[PDB]
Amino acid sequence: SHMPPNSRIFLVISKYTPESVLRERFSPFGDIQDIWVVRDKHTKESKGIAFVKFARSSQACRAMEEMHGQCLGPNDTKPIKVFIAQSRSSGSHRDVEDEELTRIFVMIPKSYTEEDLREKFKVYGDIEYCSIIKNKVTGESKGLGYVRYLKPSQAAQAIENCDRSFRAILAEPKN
């Protein structure tokens, strides 16, 4: 229902954009599992808010990257906003920032240098920065590393496609 994480997008749309237009415009980006136009309890009208759940986080991220800022109708004045949605549990409505989506955390052989890591992970997208966690006295690698990509979908692709022995997960922010 909510698996995998970061596979649901949050939309700020026109109150007059129906679910069918969301399906037509967002289905190219992946396997849609649920489209949900949020309606006001008292008027039963759209609040101008929607959720779209995709089968993969990479699909949700590509949808966000391509569709944020687009318009969906002639009567629509403002562009739509598309974010990765917060979970139902907790998630105090705060917008997920791109910095929380672009960096992955991997287990790697001790022999890897930062350029070895970049070589193995450049195939999933444009890498902004690679680092390896080392003993800062001796310089020896602790076998853990970070890869930050330019786009959230690139980090999602890496997590979904790289060898399972890397144990690739989204990296928590430092603070």
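In case it trips you up, residue 1 is the first one in the sequence shown, and so on.
In this crystal structure, the stretch out of 98-106 and 80-88 whose C-alpha atoms carry the higher mean B factor is 80-88. Between the stretches 47-55 and 140-148, it is 47-55 that shows the larger average CA temperature factor.
Among 118, 134, 41, 62, the highest C-alpha B-factor in the deposited entry belongs to 41.
Per the PDB record, residue ranking by Cα B-factor puts residue 27 in the middle third of the chain. Per the PDB record, residue ranking by Cα B-factor puts residue 34 in the highest third of the chain. Among all modelled residues in this chain, the alpha-carbon of residue 168 has a temperature factor (C-alpha) in the lowest third.
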